[PDB]
There are 2 protein chains.
Amino acid sequence: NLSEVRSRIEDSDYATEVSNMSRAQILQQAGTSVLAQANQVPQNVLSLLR
Amino acid sequence: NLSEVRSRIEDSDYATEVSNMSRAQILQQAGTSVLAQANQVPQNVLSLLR
């Protein structure tokens with residue numbers, strides 16, 4: 001019983017942690033695919049107007 | 001947030017500055033095309049009368 005209680009406190013079930021890792025991976029790929037666009041947003045206007 | 005506020009103070013959006021440069025360029029070309037006329041205004045009268 002002490003190993004059961006200690007285990008809940010320290011050991012973490014994966015089934016949520018694989019999902020959290022997957023959500024962070026999709027957020028990373030979406031954030032990088034957005035970052036490039038953010039980078040090129042200003043150049044089109046300046047060069048186009050200039 | 002400090003870079004945002006500092007940026008507004010120092011960085012200037014171009015979209016107005018390209019337009020200001022264009023207005024100054026048209027004013028320069030119009031002022032030079034007027035200056036020549038101003039230069040030749042007196043000669044026609046003096047020579048014509050003389």
# chains A, B, ... in the order shown; residues from 1 in each chain; ligands from 1
call {"tool": "interface_residues", "arguments": {"of": "chain B", "to": "chain A", "cutoff": "8 Å", "atoms": "only C-alpha atoms", "output": "PyMOL selection string"}}
result
chain B and resi 14-15+18
call {"tool": "calpha_fit_and_write", "arguments": {"fixed": "chain A", "moving": "chain B", "output": "PDB file with C-alpha atoms, in the first residue's frame"}}
result
ATOM      1  CA  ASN B   1      -0.001  -0.001   0.000  1.00  0.00           C
ATOM      2  CA  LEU B   2       2.880   2.393   0.660  1.00  0.00           C
ATOM      3  CA  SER B   3       4.330   1.578  -2.765  1.00  0.00           C
ATOM      4  CA  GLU B   4       0.892   2.207  -4.279  1.00  0.00           C
ATOM      5  CA  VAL B   5       0.591   5.656  -2.666  1.00  0.00           C
ATOM      6  CA  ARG B   6       4.216   6.566  -3.325  1.00  0.00           C
ATOM      7  CA  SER B   7       3.826   5.357  -6.893  1.00  0.00           C
ATOM      8  CA  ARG B   8       0.864   7.639  -7.559  1.00  0.00           C
ATOM      9  CA  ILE B   9       2.839  10.601  -6.238  1.00  0.00           C
ATOM     10  CA  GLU B  10       6.032   9.931  -8.220  1.00  0.00           C
ATOM     11  CA  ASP B  11       5.194   7.711 -11.183  1.00  0.00           C
ATOM     12  CA  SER B  12       3.127   9.413 -13.861  1.00  0.00           C
ATOM     13  CA  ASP B  13       0.864   7.469 -16.190  1.00  0.00           C
ATOM     14  CA  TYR B  14       2.057   7.952 -19.755  1.00  0.00           C
ATOM     15  CA  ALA B  15      -1.295   7.978 -21.533  1.00  0.00           C
ATOM     16  CA  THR B  16      -1.548  11.678 -20.717  1.00  0.00           C
ATOM     17  CA  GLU B  17       2.127  12.443 -21.191  1.00  0.00           C
ATOM     18  CA  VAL B  18       2.374  11.108 -24.750  1.00  0.00           C
ATOM     19  CA  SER B  19      -0.672  13.254 -25.553  1.00  0.00           C
ATOM     20  CA  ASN B  20       0.920  16.305 -23.916  1.00  0.00           C
ATOM     21  CA  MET B  21       4.145  15.702 -25.860  1.00  0.00           C
ATOM     22  CA  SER B  22       2.145  15.367 -29.081  1.00  0.00           C
ATOM     23  CA  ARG B  23       0.242  18.601 -28.421  1.00  0.00           C
ATOM     24  CA  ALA B  24       3.505  20.427 -27.733  1.00  0.00           C
ATOM     25  CA  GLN B  25       4.972  19.013 -30.954  1.00  0.00           C
ATOM     26  CA  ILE B  26       2.027  20.198 -33.062  1.00  0.00           C
ATOM     27  CA  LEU B  27       2.234  23.592 -31.346  1.00  0.00           C
ATOM     28  CA  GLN B  28       5.945  23.757 -32.169  1.00  0.00           C
ATOM     29  CA  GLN B  29       5.422  22.943 -35.854  1.00  0.00           C
ATOM     30  CA  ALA B  30       2.533  25.402 -36.122  1.00  0.00           C
ATOM     31  CA  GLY B  31       4.508  28.078 -34.287  1.00  0.00           C
ATOM     32  CA  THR B  32       7.491  27.681 -36.587  1.00  0.00           C
ATOM     33  CA  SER B  33       5.314  27.661 -39.721  1.00  0.00           C
ATOM     34  CA  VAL B  34       3.736  30.874 -38.404  1.00  0.00           C
ATOM     35  CA  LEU B  35       7.041  32.471 -37.411  1.00  0.00           C
ATOM     36  CA  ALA B  36       8.355  32.494 -40.966  1.00  0.00           C
ATOM     37  CA  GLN B  37       5.233  34.294 -42.185  1.00  0.00           C
ATOM     38  CA  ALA B  38       5.570  36.848 -39.410  1.00  0.00           C
ATOM     39  CA  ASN B  39       9.139  37.376 -40.576  1.00  0.00           C
ATOM     40  CA  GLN B  40       8.162  38.093 -44.183  1.00  0.00           C
ATOM     41  CA  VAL B  41       5.115  40.255 -43.416  1.00  0.00           C
ATOM     42  CA  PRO B  42       7.071  43.598 -43.291  1.00  0.00           C
ATOM     43  CA  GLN B  43       9.340  43.037 -46.265  1.00  0.00           C
ATOM     44  CA  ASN B  44       6.535  42.801 -48.794  1.00  0.00           C
ATOM     45  CA  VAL B  45       5.158  46.182 -47.773  1.00  0.00           C
ATOM     46  CA  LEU B  46       8.444  48.062 -47.548  1.00  0.00           C
ATOM     47  CA  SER B  47       9.900  46.750 -50.784  1.00  0.00           C
ATOM     48  CA  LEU B  48       6.555  47.016 -52.597  1.00  0.00           C
ATOM     49  CA  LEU B  49       6.049  50.632 -51.584  1.00  0.00           C
ATOM     50  CA  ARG B  50       9.687  51.677 -51.892  1.00  0.00           C
TER      51      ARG B  50
END
call {"tool": "decode", "arguments": {"residues": "chain A", "atoms": "C-alpha atoms", "output": "PDB file, in the first residue's frame"}}
result
ATOM      1  CA  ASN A   1       0.000   0.000   0.000  1.00  0.00           C
ATOM      2  CA  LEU A   2       2.880   2.392   0.661  1.00  0.00           C
ATOM      3  CA  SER A   3       4.330   1.578  -2.766  1.00  0.00           C
ATOM      4  CA  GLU A   4       0.892   2.207  -4.280  1.00  0.00           C
ATOM      5  CA  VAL A   5       0.591   5.657  -2.666  1.00  0.00           C
ATOM      6  CA  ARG A   6       4.215   6.565  -3.325  1.00  0.00           C
ATOM      7  CA  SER A   7       3.826   5.357  -6.892  1.00  0.00           C
ATOM      8  CA  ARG A   8       0.863   7.638  -7.558  1.00  0.00           C
ATOM      9  CA  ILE A   9       2.839  10.601  -6.239  1.00  0.00           C
ATOM     10  CA  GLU A  10       6.032   9.931  -8.220  1.00  0.00           C
ATOM     11  CA  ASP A  11       5.194   7.710 -11.183  1.00  0.00           C
ATOM     12  CA  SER A  12       3.127   9.412 -13.862  1.00  0.00           C
ATOM     13  CA  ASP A  13       0.863   7.469 -16.190  1.00  0.00           C
ATOM     14  CA  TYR A  14       2.057   7.952 -19.755  1.00  0.00           C
ATOM     15  CA  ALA A  15      -1.295   7.978 -21.533  1.00  0.00           C
ATOM     16  CA  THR A  16      -1.549  11.678 -20.717  1.00  0.00           C
ATOM     17  CA  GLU A  17       2.126  12.442 -21.191  1.00  0.00           C
ATOM     18  CA  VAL A  18       2.375  11.108 -24.751  1.00  0.00           C
ATOM     19  CA  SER A  19      -0.672  13.254 -25.553  1.00  0.00           C
ATOM     20  CA  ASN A  20       0.921  16.305 -23.916  1.00  0.00           C
ATOM     21  CA  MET A  21       4.146  15.702 -25.860  1.00  0.00           C
ATOM     22  CA  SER A  22       2.145  15.367 -29.081  1.00  0.00           C
ATOM     23  CA  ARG A  23       0.241  18.601 -28.421  1.00  0.00           C
ATOM     24  CA  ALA A  24       3.504  20.427 -27.733  1.00  0.00           C
ATOM     25  CA  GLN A  25       4.972  19.014 -30.955  1.00  0.00           C
ATOM     26  CA  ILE A  26       2.027  20.198 -33.063  1.00  0.00           C
ATOM     27  CA  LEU A  27       2.234  23.592 -31.346  1.00  0.00           C
ATOM     28  CA  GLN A  28       5.946  23.757 -32.169  1.00  0.00           C
ATOM     29  CA  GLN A  29       5.422  22.942 -35.854  1.00  0.00           C
ATOM     30  CA  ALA A  30       2.534  25.402 -36.121  1.00  0.00           C
ATOM     31  CA  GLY A  31       4.508  28.077 -34.287  1.00  0.00           C
ATOM     32  CA  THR A  32       7.490  27.680 -36.587  1.00  0.00           C
ATOM     33  CA  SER A  33       5.314  27.661 -39.720  1.00  0.00           C
ATOM     34  CA  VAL A  34       3.736  30.875 -38.403  1.00  0.00           C
ATOM     35  CA  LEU A  35       7.041  32.471 -37.411  1.00  0.00           C
ATOM     36  CA  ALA A  36       8.355  32.494 -40.966  1.00  0.00           C
ATOM     37  CA  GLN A  37       5.234  34.295 -42.184  1.00  0.00           C
ATOM     38  CA  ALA A  38       5.569  36.848 -39.411  1.00  0.00           C
ATOM     39  CA  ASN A  39       9.139  37.376 -40.576  1.00  0.00           C
ATOM     40  CA  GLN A  40       8.161  38.093 -44.183  1.00  0.00           C
ATOM     41  CA  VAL A  41       5.114  40.256 -43.416  1.00  0.00           C
ATOM     42  CA  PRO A  42       7.072  43.599 -43.292  1.00  0.00           C
ATOM     43  CA  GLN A  43       9.340  43.038 -46.266  1.00  0.00           C
ATOM     44  CA  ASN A  44       6.536  42.800 -48.793  1.00  0.00           C
ATOM     45  CA  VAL A  45       5.157  46.182 -47.772  1.00  0.00           C
ATOM     46  CA  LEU A  46       8.444  48.062 -47.549  1.00  0.00           C
ATOM     47  CA  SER A  47       9.901  46.750 -50.783  1.00  0.00           C
ATOM     48  CA  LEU A  48       6.555  47.015 -52.597  1.00  0.00           C
ATOM     49  CA  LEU A  49       6.049  50.632 -51.584  1.00  0.00           C
ATOM     50  CA  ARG A  50       9.687  51.677 -51.892  1.00  0.00           C
TER      51      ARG A  50
END
